[PDB]
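Down below is the structure, laid out as structure tokens.
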Ligand code: SF4
């Protein structure tokens, strides 16, 4: 931090980068370990009214697999529309 | 309906030799079925609907240490599931195992009349609701 | 779907798989028993055992299906059903970003001709099935016990196989080698009876059979 | 047409020097191999519709660039692969015979979920 | 009638009607229930502006709490609950949402009871929620306002 000036320029030169701007050891930027009491929020449905489980009962909303064909003019169709070709990233087009 | 050199197998299927269970564990293991009786403290009924494959209980010696119930009965913890007894016995005979049967506990008709609970010449009058 | 608890349904593709399900059903009605889709936009078309070759050869090669990514070769034991072993395939379409899933029924002995031709990924999966569930597959290049121990007995995921197993191991001085004694557990697996005797979901309830 | 590309974007598959007329001749192949299939069969009525159409837009504009977005099959070089795959099927069910009805209904409640 | 706050011409098991609506209504079984109130036994009880309505239902729900037999559950602990949350209403220990909750609670005890006492418990308090809502709104707002 730590190190002295002439050492910094030595490793700055050998790496071709400014390591003093950002390093890989935390010195003072670390958040304080003890923190104020974290008052948490409440649920979106936390309300004393109109929140019966008759409305939100997702486990109940599920329907057994809808059967269409059973052992006991027309047009061809696809399982999904064909995918589209992604373009080059305009940020870095060529590495 | 499946004609590809089919062999007319007239003998009951015996897959016991493939599963490779120990010989002492295929003959000296009475295998039994029944549909569980409802837990009398729980009025719920959605458990007495399936037959199960459960076995006979062997010995349970206390551990010399703190006292866990050490057991050497691998087949004891083998509660299976069965939709019908016919499928239950089908599994039992397919790997031929010394087995016994049990009849599905069927409810009787509860003739209930709340108007009966109050009467003039009938003794089913209830003193307190 | 203003409520944030349940996940929203997606109907546009929901109708699309059903249309594709009928599209597959009409082409090869000799092998498709029944086809259906679930709430979570997952379609499944059900095939006959001897149908492992052409149905996947269809999905692997069709210009309008082209499902080539073999996902998984699973099996599901159902002791009630006569053909307890249920071999389950799973394919993914690269161009049409969908997941087909075909499953069959098979007894302990009855084989399935190896589907390594349509997907060589199944080859390495195929070894596991005979190791893990024990269902032998016909004309398989090399169908080996590859994931369980050497010289194991039986098939552990048959629901008749104890969780603890049949043989335990220890190093024995008098033979200076590991000997496989029968299991003798220090503690017994304390099974828990976890089944509420009240109706769980009126939707998926089995009617009186 | 234009300048022939050097890479298809996928290793193994190379740019075809003969894009359209090769695809056309193998397409005429998949018209004729489909011939020995009866008309009432569903795969015929699906295929010749999907066959006779994309034989159209290939001859609609011989250039490689526009035809990539005519069929949504990506680059033409993989359309050769996939059309060949469709050719493979027509040969495959020439012996499969997949049009007489379902072989046999499943054994009792062989699906039955839940149990 | 100007100094009047609310006459209840049905009695206990009948919704209180505000003074303005009392000026324009016929008292028959039909017309009164058109105004969403009951006529019952024609127990015409008069209560004017000086007395607070929350205190009126305070004694009313207290009467119902001491008359329930506890046979059917929705009336037994239900009529207990109305008294408890309303007890907060009188002093003002509630919030405007809690007014909706007690109306929602009053919906639950409606009909589900063996007899009509539980239903008869709803009618007076239910009429309050629809009619004297601002009076309840100022009642529990004042408690918190001058508490600080
Ligand atoms: S509603 Fe009627 S039956 Fe039920 S507890 Fe109240 S008085 Fe008794």
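Hey, quick one: spin label on residue D:48, modelled 7 Å out along Cα-Cβ, who in the stretch D:1-36 has an amide N within reach, i.e. under 14 Å?
D:30-36
Give me D:17, C:108 ranked fewest to most by other Cβ atoms within 10 Å of their Cβ, as a rough exposure proxy.
D:17, C:108
How would the protein assembly as shown be classified by its alpha-carbon gyration tensor: rounded, prolate or oblate, with rounded meaning a/c under 1.5 and the a/b versus b/c comparison settling the rest? Each step should come with its number before you reach the end.
Details: a/c = 1.78, a/b = 1.46, b/c = 1.22.
It is prolate, given that a/c is not under 1.5 and a/b is the larger ratio.
What do you get for Rg/Rh over the stretch D:1-46 if you use C-alpha atoms and the Kirkwood form of Rh?
Numbers: Rg = 15.9 Å, Rh = 13.3 Å.
Ratio of gyration radius to Kirkwood radius for the stretch D:1-46: 1.20.
Kirkwood hydrodynamic radius of the stretch C:59-111 from all distinct Cα pairs, in Å?
Result for the stretch C:59-111 stands at 12.1 Å.
Where Rh denotes the Kirkwood radius from the mean inverse Cα pair distance, what is Rg over Rh for chain D?
On the way: Rg = 18.9 Å, Rh = 16.6 Å.
Over the Cα atoms of chain D, Rg/Rh equals 1.14.
Per-residue ellipticity at 222 nm for chain D, helices alone: DSSP H runs ≥ 4 residues times -39500 (n - 2.57), over residue total, nearest 500 deg cm²/dmol?
The helix-only estimate for chain D comes to -18000 deg cm²/dmol at 222 nm.
With each label point set 7 Å from Cα along the Cα-Cβ vector, what nm distance links residue C:167 and residue B:12?
Taking the two extended label points, one gets 3.0 nm.
Which angle from 0 to 90°, rounded to the nearest 10, does the C-alpha axis of helix C:52-61 make with the longest principal axis of chain C?
Its long axis makes an angle of about 50 degrees.
Assuming a ≥ b ≥ c are the square roots of the Cα gyration tensor eigenvalues, decide whether chain A counts as rounded (a/c under 1.5), prolate (otherwise, with a/b larger than b/c) or oblate.
Oblate, because a/c is 1.5 or more while a/b does not exceed b/c.
How big is the gap, in Å, between the Cα center of the stretch E:80-148 and the Cα center of the stretch B:60-98?
After rounding, the separation between the Cα centres reads 59 Å.
Tell me, what is the percent relative contact order of the stretch C:74-209, built from C-alpha pairs under 8 Å that lie six or more residues apart?
14 percent.
Could you give the distance between the Cα centres of the stretch D:39-97 and the stretch C:1-65, to the whole Å?
22
How well do other chains shield peptide E:121-130, expressed as the mean number of their Cβ atoms within 10 Å of each residue Cβ?
Working: counts 0, 0, 0, 0, 0, 0, 0, 0, 0, 0.
Other-chain Cβ atoms within 10 Å of each residue's Cβ, averaged: 0.
Would you list C:85, B:99, C:20, B:118 from fewest to most Cβ contacts within 10 Å?
Listing C:85, B:99, C:20, B:118 from fewest to most nearby Cβ atoms yields B:118, B:99, C:85, C:20.
Put a dot 7 Å past each Cα toward the Cβ at residue A:20 and residue D:14; how far apart are the dots in nm?
In this crude label model, residue D:14 to residue A:20 measures out at 5.7 nm.
According to a simple spin-label model (label point 7 Å from Cα along Cα-to-Cβ), what is the distance in nm between residue A:66 and residue E:90?
5.7
How large are Rg and Dmax for chain B when calculated on the C-alpha trace, in angstrom?
Calculated on Cα positions, Rg and Dmax stand at 23.8, 78 Å.
Quick one: angle between helix C:121-132 and the longest Cα principal axis of chain C, in degrees between 0 and 90, rounded to 10, please.
Taking Cα atoms only, the helix is inclined about 50 degrees.
Order by neighbour count: B:53, B:41, fewest other Cβ atoms within 10 Å first, most last.
Going from least to most buried by this count: B:41, B:53.
Residues of the stretch C:181-209 with the amide nitrogen closer than 17 Å to a label point 7 Å from the Cα of residue B:41, along Cα-to-Cβ, please.
The answer is C:192-198.
For a Förster distance of 25 Å, can you work out the FRET efficiency between the beta-carbons of residue D:108 and residue C:69, rounded to the nearest 0.05? Numbers along the way, then the final one.
Numbers: r = 34 Å, r/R0 = 1.35.
Efficiency, from the Cβ-Cβ distance: 0.15.
How large is the Rg to Rh ratio of chain C when both quantities use alpha carbon positions and Rh follows Kirkwood? Let's see the in-between values first.
Numbers: Rg = 21.6 Å, Rh = 20.4 Å.
That ratio equals 1.06.
Could you work out how far the C-alpha centroid of the stretch E:1-70 sits from that of the stretch D:1-27, in angstrom?
Using only Cα atoms, the two centres lie 89 Å from each other.
Using the Cα gyration tensor of chain E, with a ≥ b ≥ c the square roots of its eigenvalues, what is the shape: rounded (a/c below 1.5), prolate (a/b larger than b/c) or oblate (neither)?
In terms of gyration-tensor shape, oblate.
Quick one: if the Förster radius is 30 Å, what FRET efficiency do residue B:127 and residue E:36 give, using the C-beta to C-beta distance and rounding to 0.05?
Values: r = 42 Å, r/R0 = 1.39.
With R0 = 30 Å, the Cβ-Cβ based efficiency is 0.10.
Between the helical axis of B:85-94 and the dominant principal axis of chain B, each derived from Cα atoms, what acute angle in degrees is found, rounded to the nearest 10?
It is inclined by approximately 20 degrees.
Taking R0 as 22 Å, what FRET efficiency do you get between residue B:52 and residue A:57 from their Cβ-Cβ distance, rounded to the nearest 0.05?
Efficiency, rounded to the nearest 0.05: 0.15.
Return the average number of partner chain Cβ atoms within 10 angstrom of each residue Cβ along peptide C:101-110.
Details: counts 0, 0, 1, 2, 4, 0, 4, 6, 4, 0.
Across C:101-110, the average partner-chain Cβ count within 10 Å equals 2.
No Cβ is skipped: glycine too gets one built from the backbone with ideal geometry, and neighbour counts run over all protein chains shown. Bear in mind that the values in this text are calculations on the coordinates, not laboratory data.
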